[PDB]
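Peer 1: Sequence first, structure after; it's an experimental one.
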Amino acid sequence: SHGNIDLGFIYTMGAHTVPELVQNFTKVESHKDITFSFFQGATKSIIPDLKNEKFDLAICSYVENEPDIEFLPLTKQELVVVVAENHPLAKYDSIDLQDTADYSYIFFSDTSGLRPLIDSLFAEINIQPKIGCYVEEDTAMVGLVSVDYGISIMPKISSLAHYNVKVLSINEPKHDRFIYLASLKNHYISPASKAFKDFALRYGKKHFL
Amino acid sequence: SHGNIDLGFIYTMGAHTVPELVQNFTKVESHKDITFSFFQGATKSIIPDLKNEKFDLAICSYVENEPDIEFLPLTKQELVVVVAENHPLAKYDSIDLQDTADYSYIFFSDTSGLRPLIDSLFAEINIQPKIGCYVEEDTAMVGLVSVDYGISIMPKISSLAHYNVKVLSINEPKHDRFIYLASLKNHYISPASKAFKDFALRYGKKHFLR
Amino acid sequence: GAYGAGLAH
Ligand SMILES: O=C(O)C1=C[C@@H](O)[C@@H](O)[C@H](O)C1
Ligand SMILES: O=C(O)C1=C[C@@H](O)[C@@H](O)[C@H](O)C1
């Protein structure tokens, strides 16, 4: 019935995933009066805000060595390579990551919960990417790719189709990018927050995974 | 010129404005070797990171009673009202802000440097908006409008055309939303940062501010 | 389907 949910999440979840979860959660009559406050940020900022209880729940990347935090699979993304339409790689439709070795990257900053996965991909193929600059949020990244300031590896998100960039699928190496519903282990959680948590986990299994 | 520039900016500047400035700045031969790191956030977080020197320069909203920070006009935005494509207000192409009185908002959180302007617009027309939820970043806001979770007032940005929303221009009240290049007053600034500051202010005067 | 896979670290 009544209550508030403070939900923090990583940037790319704002465009479609969180709205879809909230829309479907709230069509149930007994959820109409539940309210939210929504916070956006990078995984490394979000984890402290879970521990200090600013957030009831979070949607973010998995983080190693956080035994106080429960990470439960919610959705997934596809990593792609994004280049300006004039770039030499734009002639291709798919590439191996090692094919990018010569080119300057717009790289995610260390705050990004994506960097463990990305770094492991480059380590797997023994490539040390040329990093031209760092950015945290995704629209700033594709913005810089669109003026050919560099290339990037990033999640395939709907906005990429609206910049003057070519999106390339990655053949090798292989990857899965999972996104998690994160919460404090052994912690008291309000009835509304628990209702949203269970709802979102069911929804992700049925529709996202 | 050489060295690094740490530039912090409010989210909406990432899509086009910062790329345009950086690309045009870097065409100059004496700027090719300058490097950047780019940070994104809301105005209220950006200000401390200017004071603690994490950023050499920032692009953000004006903040009153910050005598240590120099704000110089850089660009501007148009505030619009955004509603789901089947919302009752979608029948219109333009509205007065008071035409939104009955409807629940997806409102900017207190961290947003836009809130002084927005709050003053509602206070001017003596309306207390119904606030359904708060968000900080713009794509999260239009994302929720697109599922008709609420309506919003927000900057007109290129991404709005790609959600299931109608963008309404605001007839009354009308007020300018300016965005500023911010730096620490009377503080040493590196040759690269100074070159970029001067370039950006000149560019904004010529192409952004009208 | 991918839920089980997502639990592996
Ligand atoms: O998982 C994360 O923490 C993030 C992934 C990227 O897409 C960016 O949205 C940003 O780096 C946050
Ligand atoms: O000026 C600001 O501090 C902001 C303006 C809004 O468009 C959002 O990008 C966000 O609330 C930050």
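Peer 2: That came through, no problem. Numbers count the residues shown, from 1 in each chain, chains lettered A, B, ... in the order given. Ligands and ions are numbered 1, 2, ... in the order given.

Peer 1: per the record, what domains does chain A have?
Peer 2: A:1-77+A:176-209, A:78-175 (curated CATH domains).

Peer 1: Contact residues of chain A facing ligand 1?
Peer 2: Chain A comes close to ligand 1 at residues A:10-12, A:42-43, A:60-61, A:108, A:112-114, A:136-138, A:155, as judged by C-beta under 6 Å from any ligand atom. Heads up, the C-betas are built off the backbone N, CA and C, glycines and all.

Peer 1: Looking at those, which one is closest to chain B?
Peer 2: Within those, distances to chain B taken as C-beta to the nearest C-beta reach their minimum at residue A:137, with 4.2 Å.

Peer 1: any idea how far that closest one lies from residue B:202?
Peer 2: 27 Å (C-beta to C-beta, to the nearest Å).

Peer 1: now swap in residue A:170 and tell me
Peer 2: Applying C-beta to C-beta, one obtains 41 Å for the distance of residue A:170 from residue B:202.

Peer 1: between these two, who's got more neighbours?
Peer 2: Between residue A:170 and residue B:202, counting by other C-beta atoms under 10 Å in any protein chain shown, residue A:170 is the more crowded of the two (20 against 10).

Peer 1: Who are the contact partners of the residue of chain C most remote from its centre?
Peer 2: Summary for chain C: using C-alpha atoms, centre = their mean, the residue whose C-alpha lies farthest from the chain's mean C-alpha position is residue C:9, with a distance of 8.8 Å. With contact taken as C-beta atoms under 8 Å, 6 or more residues apart in numbering or on different chains, residue C:9 is in contact with A:62, A:64.

Peer 1: separation between it and ligand 1?
Peer 2: Distance from residue C:9 to ligand 1, counting by C-beta to the nearest ligand atom, to the nearest Å: 15 Å.

Peer 1: all helices of the chain, in order?
Peer 2: If you meant another chain, say so; for now it's chain A. Secondary structure of chain A by DSSP state H: the helices cover A:17-27, A:43-51, A:115-124, A:138-146, A:191-207.

Peer 1: look at chain C instead
Peer 2: Secondary structure of chain C (DSSP H): helices located at C:3-6.

Peer 1: quick one, what contacts the residue of it found nearest ligand 1?
Peer 2: In chain C, the residue that lies nearest ligand 1 is residue C:6 (14.3 Å; C-beta to the nearest ligand atom). With contacts taken as C-beta under 8 Å, 6+ apart, residue C:6 has the following neighbours: A:73, A:76, A:176, A:178, A:180, A:209.

Peer 1: tell me the contacts of the closest residue to the fifth one other than its chain neighbours?
Peer 2: Nearest-residue entry for residue A:180: residue A:71, 4.0 Å, with adjacent residues in sequence omitted and distances by C-beta to C-beta, 6 or more residues apart in numbering or on different chains. Shown in contact with residue A:71 (C-beta under 8 Å, 6+ apart): A:62, A:63, A:180, A:181, A:182.

Peer 1: try it again with 10 Å
Peer 2: Applying C-beta atoms under 10 Å, 6 or more residues apart in numbering or on different chains to residue A:71 gives the contacts A:58, A:60-63, A:178-183, C:6-7, C:9.

Peer 1: Can you name the residues bridging to it?
Peer 2: According to DSSP bridges, the residues that bridge with residue A:71 are residue A:182.

Peer 1: Dump the C-alpha coordinates for stretch A:184-204 into PDB.
Peer 2: These are the backbone C-alpha positions of stretch A:184-204, laid out as PDB (Å, rounded to 0.1, in the frame of the first residue of the first chain):
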ATOM      1  CA  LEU A 184      22.500  -5.000   2.100                       C
ATOM      2  CA  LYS A 185      22.800  -8.600   3.500                       C
ATOM      3  CA  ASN A 186      21.100  -9.300   6.900                       C
ATOM      4  CA  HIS A 187      19.500  -5.800   6.800                       C
ATOM      5  CA  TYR A 188      15.900  -4.700   7.600                       C
ATOM      6  CA  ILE A 189      14.000  -3.600   4.500                       C
ATOM      7  CA  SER A 190      10.700  -1.800   4.400                       C
ATOM      8  CA  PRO A 191       7.500  -3.600   3.100                       C
ATOM      9  CA  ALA A 192       7.400  -1.500  -0.100                       C
ATOM     10  CA  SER A 193      11.100  -2.000  -0.800                       C
ATOM     11  CA  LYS A 194      10.800  -5.700  -0.400                       C
ATOM     12  CA  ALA A 195       7.800  -5.700  -2.700                       C
ATOM     13  CA  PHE A 196       9.700  -3.800  -5.300                       C
ATOM     14  CA  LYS A 197      12.800  -6.000  -4.900                       C
ATOM     15  CA  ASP A 198      10.900  -9.300  -5.400                       C
ATOM     16  CA  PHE A 199       8.800  -7.800  -8.200                       C
ATOM     17  CA  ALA A 200      11.900  -6.500 -10.100                       C
ATOM     18  CA  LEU A 201      13.700  -9.900  -9.700                       C
ATOM     19  CA  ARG A 202      10.700 -11.800 -11.100                       C
ATOM     20  CA  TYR A 203      10.400  -9.200 -13.900                       C
ATOM     21  CA  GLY A 204      14.000  -9.500 -14.900                       C
END
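
Peer 1: wait, does that stretch contact chain C?
Peer 2: Yes. Remark: stretch A:184-204 sits within contact range of chain C at A:201, A:204, by C-beta under 10 Å from any C-beta of the partner chain.

Peer 1: Distance-wise, check the residue in chain C that ligand 2 sits nearest to relative to chain B.
Peer 2: Proximity to ligand 2, evaluated over chain C using C-beta to the nearest ligand atom, is greatest for residue C:6 at 31.4 Å. Distance check for residue C:6 against chain B: by C-beta to the nearest C-beta, to the nearest Å, it reads 23 Å.

Peer 1: related to what we said a few turns ago, could you single out the nearest of the residues of chain A next to ligand 1 to ligand 2?
Peer 2: Looking across these and measuring by C-beta to the nearest ligand atom, the closest to ligand 2 is residue A:137, at 10.1 Å.

Peer 1: Isn't the closest one up against residue A:106?
Peer 2: No. Taking C-beta atoms under 10 Å as the contact criterion, residue A:137 and residue A:106 are not neighbours in contact, 11.6 Å apart.

Peer 1: Sweet, I'm off.
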